[PDB]
Amino acid sequence: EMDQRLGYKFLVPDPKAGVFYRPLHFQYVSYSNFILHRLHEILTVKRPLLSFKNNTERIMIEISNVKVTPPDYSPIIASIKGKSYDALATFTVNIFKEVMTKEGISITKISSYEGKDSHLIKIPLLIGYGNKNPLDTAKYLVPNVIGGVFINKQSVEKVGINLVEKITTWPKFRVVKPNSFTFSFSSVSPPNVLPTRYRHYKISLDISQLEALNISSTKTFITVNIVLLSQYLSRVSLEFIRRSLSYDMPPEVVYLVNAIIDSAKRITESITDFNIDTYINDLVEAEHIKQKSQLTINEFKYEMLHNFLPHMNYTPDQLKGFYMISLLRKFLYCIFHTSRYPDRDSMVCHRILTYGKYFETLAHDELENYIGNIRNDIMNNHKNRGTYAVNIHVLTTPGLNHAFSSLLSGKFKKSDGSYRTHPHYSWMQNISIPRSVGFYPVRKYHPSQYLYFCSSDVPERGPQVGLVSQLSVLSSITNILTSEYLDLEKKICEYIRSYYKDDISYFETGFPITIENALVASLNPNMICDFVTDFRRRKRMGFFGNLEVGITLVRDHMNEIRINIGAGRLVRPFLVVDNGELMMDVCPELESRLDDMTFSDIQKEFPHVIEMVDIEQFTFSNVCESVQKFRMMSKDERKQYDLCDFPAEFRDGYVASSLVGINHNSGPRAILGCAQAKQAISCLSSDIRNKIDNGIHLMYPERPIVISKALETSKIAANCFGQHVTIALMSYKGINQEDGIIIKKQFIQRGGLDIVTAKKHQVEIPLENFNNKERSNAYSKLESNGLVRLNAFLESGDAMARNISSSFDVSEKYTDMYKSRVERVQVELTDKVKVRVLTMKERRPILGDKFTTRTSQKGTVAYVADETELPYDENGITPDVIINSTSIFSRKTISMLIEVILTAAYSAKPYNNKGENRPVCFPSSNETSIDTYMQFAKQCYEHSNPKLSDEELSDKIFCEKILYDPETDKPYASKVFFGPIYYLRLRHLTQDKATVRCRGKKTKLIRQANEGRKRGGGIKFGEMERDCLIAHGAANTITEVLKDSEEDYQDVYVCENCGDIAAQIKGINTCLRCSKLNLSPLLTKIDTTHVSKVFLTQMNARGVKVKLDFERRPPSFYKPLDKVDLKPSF
Amino acid sequence: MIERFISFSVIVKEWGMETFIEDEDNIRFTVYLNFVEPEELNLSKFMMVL
Amino acid sequence: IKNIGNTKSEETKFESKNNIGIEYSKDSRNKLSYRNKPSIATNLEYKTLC
Ligand SMILES: [Zn+2]
């Protein structure tokens, strides 16, 4: 059970490391890194804009003095007053020309601007833990607040998710067509290079044309044979490359290798006196002439061949050539063994964007647009005018404001889901949403998602099915600053070059070593294992100054060593296995010292017990699934493993940690349970009486006592999401069928599962209308000041504020079928009048309201039964809720029975041997035997009543009782499952869905009933309902349903000649078109819909003439008919 | 199968075939070949597609 | 066995070391129009070949 305790140690706070709330910690830091450090680096620039003469006459733009300050009011004040919560950033800009002189540097100012006192930049600020932001270093925390939200201009709370980056860390393979393949990859500059440079390359291979094995891009690089390019970069022979590409390959790949090399040699020999430099130069010049570049040939060539690989800038060329060779090797291997190469949907080849990265990218893009606009304006001014004058109004709008506002509005590049308005359904949502990860449109459950994302928490319907995942409680996403990045990279490179001096220059048969995909050396194969082991050891001791460095050893036949340090990687802790020895089992002091140590203390004082591992390293390792399974293996078997995993309860997310024993039920039920856990009503907010917002609040909350540790550390348990009620599993007169339930009247009367719904109303009124002096029947709740009275109840026709247009009332109206009480009123007076109102209503359960358990057994109230009508036990107890028993066993929700048993056991003995309140641990992904739980319950009951017979004790353990019919007072045939359980109320209420329409408004174009529940719209009679009516054979009924109302009839005449609707002039029906042509056609009455007339007129507008004829059947007469019998002859 | 492939190949110049019984449970088909120019490139292509 | 051929006319899943040759054999451009007779002598211990 030591592994469980070590796991628990990660979930609790770690003050020594600055972790005050683990679940959201990685998000806090993500934002803190942007606002405090990265923004300054992005803005502080000093760059040329234009150059003249020859590198001796250039305009320069500089930005400095960046300052950021927080607001002067708390977020609650911002909510009440209707303000926004933004930090203010200011900076100074200088534009000046510089002329290079032999005497030194000559400086001549042109323009300068400052934003010392102005809203130069407004940056939305993250509320954070305890309503505390990173700018304000106060010393007061609001309890039970975790934050993670923004407040926008209109005073609306916003919350966001994480997003998978578009750029991959592994090349993508694709079969263009039979025997024709491609291999595409990308290169990006390191973090400390501003602005960032990007390059995208594609390698094409076709079996029919092996001379055209070409690497290409779009308007940034030449199209050249990759083998010849490698020769040019590395200055090595073709035989060297042949030997390299086939050193440790299966024989079927060597044939393709030989064919490629021979094709390259043929190209080389096809030219007279071949020279590689001349070949490359000719290609470059041909590209130069093909494009209309105005640069000199030398400039074009230097630009092309110096920015070839941005991620490997400032390295010799031979390393670039060897990098190309390794890419080709992987390409060929993937050609012959595709299923063994990382797939494009694998998590191995992706990284994830957190809160701060959105802001960082937007700042980058906006700064670049700003500088570009300044350059264009200066160039235009020089072209038209002289002196190089910089226009004003182009250096005062950096454009960050609209970028950030749009970001919060829910738009981000080609995505539209990064941020959204916070739905205030439950407290736990503040954890659930910021820990979500979204993928671009893949819906299958890929194996690489396991153990880092929750298995059961995914959308169950809609367009997002299989596109949103939830982090496990032990997973995190990495952060790192630029200076830390540089220091770490330097230390790693120094270690490599110092401790392996003589064996890092193989380049033909060795394993290349890359850092962030940048090749830095090539290791002797015989020493791969040692290098990795010694590396990991030094990683765990803090030798490199960072414990989250990832190292991967790829060996199938691709033969690579990869090192990863960048931000956006998924990481988890694992137990270390060293030389077939579980370190946790050889550290006796740890067991005694654990209780007094934090997680970082364990890492510092007992290294080699736990290691932080990222997903790519995990995917290529050998990991034992459990400590128990490890202990059952022989030593030789143990020697094959690198890591050991923690128990399964740590593989669920925080939402799924609200459920109990999900691995004892069917999986679909787990998906449903995760879905409905977020809709349970809870203690939503400490500011119930202050915040002017929508919400639903639980009235007399109870803390669950059959729980998991994660539910306790996250504080979801402390904020409550249900109540303990007494249930019976039986059939009640055949009423509770198909998921209907029985509920007790007196339980409802006393406050059982009572809630309060709160709603926000907002209006804007012109000042004249508000002050207008005339009592309409809709103003009965108003005071003399024109505002609704406090504590009054509003009805479905009342107005909240006086709004008269001048002698007509034009105010908005309350439109709910239930009344509500006025809790708060806030008014702002300006050119207009803005009124905000908060109302509340308590809602005791009624017929149709929805409930559920923690095992996904949901139902609606089917009958409210009086206490005297319910069955009772020998102690006089009647159940609060009755649920039909069959559904428990047809859906296989076994853990519900175990939960009831344990809740009863706790009720019998709720305290420790020390007398302290003792919760019972029943985690999701349980792992504890049912017999052990039964023994625990038996001990509880034996402590309660020492003198019980065997039958009574068995009945108590199994929660079985004899119940009596209240009408006759006689027992039922057999005993009934009966006991307490934590029960949840869901947000679906009957009176929020009921609708009815008698008559109302119509749409103008087609003159049919309007749409909208709040606007009194009508229900739509669709065409499938029409199909059903036709299937019944009810022709008149469907005809009357589809026609216009009989009360809207009017006389309409149509011309039988041209089909136009006849006009009526001076009471005479006339066809204008035909009259103009001197014709006298017949006009006939029609009875059709308005929409038909609109459709026909539009068709006429498109040039199609529609003419109608009419039936003039000759008159018919009835004739007597002879009689017919039709009966048989019997 | 082997003979029909080799006979109509556009990259084979001269060829001959023979068959041997290695033992009670193995058969050896031997092919003698000379390819068209270029030689080694066509050799690799042939070994790849055979 | 009689001459039954193939042309580029349901999806298949071959081992990809055979798929290269299989898809190569589907192109009529890779076959000679007339059979190329053997030219390297073999099976010298038999007259049934004649
Ligand atoms: Zn007419």
# chains A, B, ... in the order shown; residues from 1 in each chain; ligands from 1
>>> residues_near_ligand(ligand="ligand 1", cutoff="7 Å", atoms="only C-alpha atoms and all ligand atoms", output="ChimeraX atom specification")
/A:1055-1060,1071-1074,1081
>>> closest_atom_pairs(of="chain C", to="segment 1-19 of chain B", cutoff="10 Å", atoms="only C-alpha atoms", output="CSV")
residue,atom,partner,partner_atom,distance
C:1,CA,B:1,CA,9.6
C:3,CA,B:4,CA,9.9
C:25,CA,B:5,CA,8.9
C:29,CA,B:10,CA,8.8
C:30,CA,B:10,CA,5.9
C:31,CA,B:8,CA,5.2
C:32,CA,B:8,CA,5.0
C:33,CA,B:8,CA,7.6
C:34,CA,B:8,CA,7.2
C:35,CA,B:8,CA,5.6
C:36,CA,B:7,CA,5.3
C:37,CA,B:7,CA,6.9
C:38,CA,B:16,CA,5.4
C:39,CA,B:15,CA,6.1
C:40,CA,B:16,CA,4.9
C:41,CA,B:16,CA,6.9
C:42,CA,B:18,CA,6.6
C:43,CA,B:18,CA,6.7
>>> write_last_selection(atoms="N, CA, C and O atoms", output="CSV table (one decimal), in the first residue's frame")
chain,number,residue,atom,x,y,z
C,1,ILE,N,-3.0,-24.2,-66.6
C,1,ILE,CA,-3.1,-22.8,-66.4
C,1,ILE,C,-3.2,-22.1,-67.8
C,1,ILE,O,-2.3,-22.3,-68.6
C,3,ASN,N,-4.0,-18.2,-69.8
C,3,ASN,CA,-3.7,-16.8,-69.6
C,3,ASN,C,-4.8,-16.0,-69.1
C,3,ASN,O,-5.7,-15.5,-69.8
C,25,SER,N,3.0,-5.5,-61.5
C,25,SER,CA,2.5,-6.4,-62.5
C,25,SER,C,1.2,-6.0,-63.1
C,25,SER,O,0.8,-6.7,-64.1
C,29,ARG,N,2.4,-1.8,-69.5
C,29,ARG,CA,3.6,-1.2,-70.2
C,29,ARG,C,4.9,-1.8,-69.8
C,29,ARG,O,5.9,-1.5,-70.4
C,30,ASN,N,4.8,-2.8,-68.8
C,30,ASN,CA,6.0,-3.4,-68.3
C,30,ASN,C,6.2,-4.8,-69.0
C,30,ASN,O,7.1,-5.5,-68.6
C,31,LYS,N,5.4,-5.2,-69.9
C,31,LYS,CA,5.5,-6.5,-70.6
C,31,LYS,C,5.8,-6.3,-72.0
C,31,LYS,O,5.3,-5.4,-72.7
C,32,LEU,N,6.7,-7.2,-72.5
C,32,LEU,CA,7.0,-7.2,-74.0
C,32,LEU,C,5.8,-7.7,-74.7
C,32,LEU,O,4.9,-8.4,-74.2
C,33,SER,N,5.7,-7.3,-76.0
C,33,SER,CA,4.6,-7.7,-76.8
C,33,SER,C,4.7,-9.1,-77.3
C,33,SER,O,3.7,-9.8,-77.6
C,34,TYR,N,5.9,-9.6,-77.4
C,34,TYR,CA,6.1,-11.0,-77.8
C,34,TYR,C,7.1,-11.7,-76.9
C,34,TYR,O,8.0,-11.1,-76.3
C,35,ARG,N,6.9,-13.0,-76.7
C,35,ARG,CA,7.7,-13.8,-75.8
C,35,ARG,C,9.2,-13.7,-76.1
C,35,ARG,O,9.5,-13.7,-77.3
C,36,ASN,N,10.0,-13.7,-75.1
C,36,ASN,CA,11.5,-13.7,-75.3
C,36,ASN,C,12.0,-15.1,-75.0
C,36,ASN,O,12.0,-15.5,-73.8
C,37,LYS,N,12.5,-15.8,-76.0
C,37,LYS,CA,12.8,-17.2,-75.8
C,37,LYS,C,14.1,-17.3,-75.0
C,37,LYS,O,14.9,-16.4,-75.0
C,38,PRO,N,14.3,-18.5,-74.4
C,38,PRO,CA,15.6,-18.7,-73.6
C,38,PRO,C,16.8,-18.7,-74.6
C,38,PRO,O,16.7,-19.0,-75.8
C,39,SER,N,17.9,-18.4,-74.0
C,39,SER,CA,19.2,-18.3,-74.7
C,39,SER,C,20.4,-19.0,-74.0
C,39,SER,O,21.4,-19.2,-74.6
C,40,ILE,N,20.2,-19.3,-72.7
C,40,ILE,CA,21.3,-19.8,-71.9
C,40,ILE,C,21.0,-21.3,-71.8
C,40,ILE,O,20.0,-21.7,-71.3
C,41,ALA,N,22.0,-22.2,-72.3
C,41,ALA,CA,21.8,-23.6,-72.3
C,41,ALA,C,21.7,-24.2,-70.9
C,41,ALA,O,22.5,-23.7,-70.0
C,42,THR,N,20.9,-25.1,-70.7
C,42,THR,CA,20.7,-25.8,-69.4
C,42,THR,C,20.0,-27.1,-69.6
C,42,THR,O,19.4,-27.4,-70.7
C,43,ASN,N,20.0,-28.0,-68.6
C,43,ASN,CA,19.4,-29.3,-68.6
C,43,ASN,C,20.0,-30.1,-69.8
C,43,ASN,O,19.4,-30.7,-70.6
>>> interface_residues(of="chain C", to="chain A", cutoff="10 Å", atoms="only C-alpha atoms", output="VMD selection string")
chain C and resid 15 to 17 19 to 21 23 to 24
>>> interface_residues(of="chain B", to="chain A", cutoff="6 Å", atoms="only C-alpha atoms", output="list in words")
residues 41, 44 and 48 of chain B
>>> residues_around(residues="residue 885 of chain A", least_positions_apart="5", cutoff="10 Å", atoms="only C-alpha atoms", output="MDAnalysis selection string")
chainID A and resid 728:731 890 976:977
>>> residues_around(residues="residue 378 of chain A", least_positions_apart="4", cutoff="9 Å", atoms="only C-alpha atoms", output="ChimeraX atom specification")
/A:373-374,382-383,388-391
>>> closest_residue(among="A:56, A:855, A:27, A:777", to="residue 665 of chain A", atoms="only C-alpha atoms")
A:855
>>> residues_around(residues="residue 574 of chain A", least_positions_apart="6", cutoff="7 Å", atoms="only C-alpha atoms", output="ChimeraX atom specification")
/A:610-613,643-646
>>> write_last_selection(atoms="N, CA and C atoms", output="mmCIF file, in the first residue's frame")
data_model
loop_
_atom_site.group_PDB
_atom_site.id
_atom_site.type_symbol
_atom_site.label_atom_id
_atom_site.label_comp_id
_atom_site.auth_asym_id
_atom_site.auth_seq_id
_atom_site.Cartn_x
_atom_site.Cartn_y
_atom_site.Cartn_z
ATOM 1 N N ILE A 610 11.040 7.810 -7.716
ATOM 2 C CA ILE A 610 10.019 8.285 -8.642
ATOM 3 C C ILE A 610 10.697 9.046 -9.771
ATOM 4 N N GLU A 611 10.185 8.880 -10.990
ATOM 5 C CA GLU A 611 10.685 9.603 -12.153
ATOM 6 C C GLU A 611 9.526 10.226 -12.918
ATOM 7 N N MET A 612 9.730 11.444 -13.412
ATOM 8 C CA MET A 612 8.735 12.128 -14.229
ATOM 9 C C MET A 612 8.965 11.769 -15.693
ATOM 10 N N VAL A 613 7.938 11.227 -16.339
ATOM 11 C CA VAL A 613 8.043 10.630 -17.664
ATOM 12 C C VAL A 613 6.992 11.256 -18.569
ATOM 13 N N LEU A 643 10.127 0.631 -15.719
ATOM 14 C CA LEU A 643 9.258 1.404 -14.845
ATOM 15 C C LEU A 643 8.157 0.503 -14.311
ATOM 16 N N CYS A 644 7.489 0.977 -13.262
ATOM 17 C CA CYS A 644 6.300 0.335 -12.718
ATOM 18 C C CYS A 644 5.239 1.399 -12.476
ATOM 19 N N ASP A 645 3.980 1.036 -12.683
ATOM 20 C CA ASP A 645 2.881 1.989 -12.685
ATOM 21 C C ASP A 645 2.183 2.049 -11.329
ATOM 22 N N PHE A 646 1.477 3.156 -11.103
ATOM 23 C CA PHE A 646 0.661 3.351 -9.913
ATOM 24 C C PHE A 646 -0.705 2.683 -10.074
#
>>> residues_around(residues="residue 6 of chain C", least_positions_apart="3", cutoff="10 Å", atoms="only C-alpha atoms", output="ChimeraX atom specification")
/C:9,25-28
>>> write_last_selection(atoms="C-alpha atoms", output="PDB file, in the first residue's frame")
ATOM      1  CA  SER C   9      -9.956  -2.009 -62.451  1.00  0.00           C
ATOM      2  CA  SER C  25       2.536  -6.436 -62.524  1.00  0.00           C
ATOM      3  CA  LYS C  26      -0.757  -4.588 -63.130  1.00  0.00           C
ATOM      4  CA  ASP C  27       0.787  -2.219 -65.709  1.00  0.00           C
ATOM      5  CA  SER C  28       0.677  -3.508 -69.283  1.00  0.00           C
TER       6      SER C  28
END
>>> closest_residue(among="B:36, B:49, B:27, B:21", to="residue 22 of chain C", atoms="only C-alpha atoms")
B:49
>>> atom_distance(atom1="atom CA of residue 387 of chain A", atom2="atom CA of residue 195 of chain A")
28.9 Å
>>> select_by_dssp(residues="segment 31-154 of chain A", states="strand (DSSP E or B)", output="VMD selection string")
chain A and resid 46 to 52 57 to 69 86 to 101 104 to 114 121 to 124 150 to 151
>>> write_last_selection(atoms="N, CA and C atoms", output="compact mmCIF listing (two decimals), in the first residue's frame")
# COMPACT_ATOMS: atom_id res chain seq x y z
N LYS A 46 14.18 46.15 -31.11
CA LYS A 46 15.01 47.20 -31.70
C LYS A 46 15.43 46.69 -33.08
N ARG A 47 14.67 47.05 -34.10
CA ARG A 47 14.84 46.44 -35.41
C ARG A 47 14.95 47.47 -36.51
N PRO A 48 15.74 47.19 -37.55
CA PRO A 48 15.68 48.01 -38.76
C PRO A 48 14.36 47.83 -39.49
N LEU A 49 13.96 48.87 -40.20
CA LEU A 49 12.73 48.87 -40.99
C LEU A 49 12.99 49.08 -42.47
N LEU A 50 13.97 49.92 -42.82
CA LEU A 50 14.37 50.14 -44.20
C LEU A 50 15.85 50.46 -44.22
N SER A 51 16.49 50.15 -45.34
CA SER A 51 17.92 50.38 -45.53
C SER A 51 18.15 51.08 -46.86
N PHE A 52 19.19 51.91 -46.91
CA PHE A 52 19.51 52.67 -48.10
C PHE A 52 21.02 52.69 -48.30
N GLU A 57 22.66 53.49 -44.20
CA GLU A 57 21.56 54.46 -44.14
C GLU A 57 20.28 53.65 -43.91
N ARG A 58 19.81 53.61 -42.66
CA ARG A 58 18.67 52.75 -42.35
C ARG A 58 17.82 53.35 -41.25
N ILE A 59 16.51 53.16 -41.37
CA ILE A 59 15.55 53.57 -40.35
C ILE A 59 15.44 52.46 -39.32
N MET A 60 15.30 52.83 -38.05
CA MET A 60 15.24 51.89 -36.95
C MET A 60 14.04 52.21 -36.08
N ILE A 61 13.36 51.16 -35.61
CA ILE A 61 12.24 51.29 -34.69
C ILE A 61 12.60 50.57 -33.40
N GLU A 62 12.40 51.24 -32.28
CA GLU A 62 12.70 50.68 -30.97
C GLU A 62 11.49 50.85 -30.06
N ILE A 63 11.28 49.86 -29.19
CA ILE A 63 10.21 49.89 -28.20
C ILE A 63 10.82 49.53 -26.85
N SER A 64 10.47 50.29 -25.82
CA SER A 64 11.05 50.07 -24.50
C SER A 64 10.10 50.60 -23.43
N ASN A 65 10.54 50.50 -22.17
CA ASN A 65 9.77 50.97 -21.02
C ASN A 65 8.38 50.33 -20.99
N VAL A 66 8.37 49.01 -20.89
CA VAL A 66 7.12 48.25 -20.82
C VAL A 66 6.72 48.12 -19.36
N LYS A 67 5.50 48.55 -19.04
CA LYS A 67 4.98 48.48 -17.68
C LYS A 67 3.56 47.94 -17.70
N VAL A 68 3.26 47.05 -16.75
CA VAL A 68 1.95 46.42 -16.63
C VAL A 68 1.46 46.59 -15.20
N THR A 69 0.21 47.02 -15.04
CA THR A 69 -0.36 47.28 -13.73
C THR A 69 -1.75 46.66 -13.62
N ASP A 86 -9.22 43.93 -16.41
CA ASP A 86 -8.10 43.97 -17.34
C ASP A 86 -6.90 44.66 -16.70
N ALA A 87 -5.71 44.14 -16.97
CA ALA A 87 -4.49 44.84 -16.64
C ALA A 87 -4.14 45.84 -17.74
N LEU A 88 -3.42 46.89 -17.37
CA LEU A 88 -3.06 47.96 -18.28
C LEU A 88 -1.57 47.92 -18.55
N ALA A 89 -1.20 47.94 -19.83
CA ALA A 89 0.19 47.90 -20.26
C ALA A 89 0.51 49.10 -21.13
N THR A 90 1.66 49.71 -20.86
CA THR A 90 2.13 50.90 -21.56
C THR A 90 3.59 50.74 -21.96
N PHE A 91 3.98 51.43 -23.03
CA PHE A 91 5.33 51.34 -23.57
C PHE A 91 5.63 52.60 -24.37
N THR A 92 6.91 52.78 -24.70
CA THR A 92 7.40 53.93 -25.45
C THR A 92 8.02 53.47 -26.76
N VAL A 93 7.73 54.22 -27.83
CA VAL A 93 8.14 53.89 -29.19
C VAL A 93 9.01 55.01 -29.74
N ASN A 94 10.09 54.63 -30.43
CA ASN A 94 11.00 55.58 -31.06
C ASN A 94 11.25 55.15 -32.50
N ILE A 95 11.18 56.11 -33.42
CA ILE A 95 11.53 55.90 -34.82
C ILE A 95 12.65 56.88 -35.14
N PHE A 96 13.80 56.36 -35.58
CA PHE A 96 14.94 57.23 -35.83
C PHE A 96 15.80 56.66 -36.94
N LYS A 97 16.40 57.55 -37.72
CA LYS A 97 17.28 57.15 -38.81
C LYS A 97 18.72 57.10 -38.32
N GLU A 98 19.48 56.14 -38.85
CA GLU A 98 20.87 55.94 -38.47
C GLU A 98 21.73 55.88 -39.73
N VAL A 99 22.81 56.64 -39.73
CA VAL A 99 23.77 56.70 -40.83
C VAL A 99 25.11 56.21 -40.30
N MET A 100 25.65 55.17 -40.92
CA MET A 100 26.93 54.61 -40.50
C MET A 100 28.06 55.53 -40.96
N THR A 101 28.86 56.00 -40.00
CA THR A 101 29.97 56.89 -40.28
C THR A 101 31.26 56.29 -39.72
N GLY A 104 31.98 56.60 -36.09
CA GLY A 104 31.21 55.85 -35.13
C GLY A 104 29.77 55.66 -35.55
N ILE A 105 28.84 56.10 -34.71
CA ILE A 105 27.41 55.95 -34.97
C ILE A 105 26.77 57.33 -34.94
N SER A 106 25.99 57.64 -35.96
CA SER A 106 25.23 58.88 -36.05
C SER A 106 23.75 58.58 -35.86
N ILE A 107 23.10 59.33 -34.98
CA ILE A 107 21.70 59.11 -34.64
C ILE A 107 20.94 60.40 -34.88
N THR A 108 19.82 60.31 -35.60
CA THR A 108 18.95 61.45 -35.87
C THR A 108 17.51 61.02 -35.62
N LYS A 109 16.90 61.58 -34.58
CA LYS A 109 15.53 61.22 -34.24
C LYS A 109 14.57 61.68 -35.33
N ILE A 110 13.47 60.93 -35.47
CA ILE A 110 12.38 61.28 -36.38
C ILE A 110 11.06 61.42 -35.63
N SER A 111 10.74 60.46 -34.77
CA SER A 111 9.48 60.49 -34.05
C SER A 111 9.61 59.70 -32.76
N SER A 112 8.77 60.06 -31.78
CA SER A 112 8.72 59.35 -30.52
C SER A 112 7.32 59.48 -29.94
N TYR A 113 6.83 58.39 -29.35
CA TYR A 113 5.50 58.35 -28.77
C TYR A 113 5.56 57.61 -27.44
N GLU A 114 4.66 57.99 -26.53
CA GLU A 114 4.60 57.37 -25.21
C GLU A 114 3.15 57.11 -24.84
N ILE A 121 -2.57 49.43 -23.91
CA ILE A 121 -2.90 48.01 -24.08
C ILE A 121 -3.72 47.56 -22.88
N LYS A 122 -4.84 46.89 -23.14
CA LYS A 122 -5.67 46.28 -22.11
C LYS A 122 -5.63 44.77 -22.28
N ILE A 123 -5.14 44.07 -21.27
CA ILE A 123 -4.90 42.63 -21.33
C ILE A 123 -5.81 41.95 -20.31
N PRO A 124 -6.73 41.07 -20.71
CA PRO A 124 -7.55 40.38 -19.72
C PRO A 124 -6.69 39.63 -18.71
N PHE A 150 -11.96 34.42 -16.71
CA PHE A 150 -11.78 35.81 -17.09
C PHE A 150 -13.13 36.52 -17.06
N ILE A 151 -13.09 37.85 -16.92
CA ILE A 151 -14.28 38.69 -17.00
C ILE A 151 -14.08 39.65 -18.17
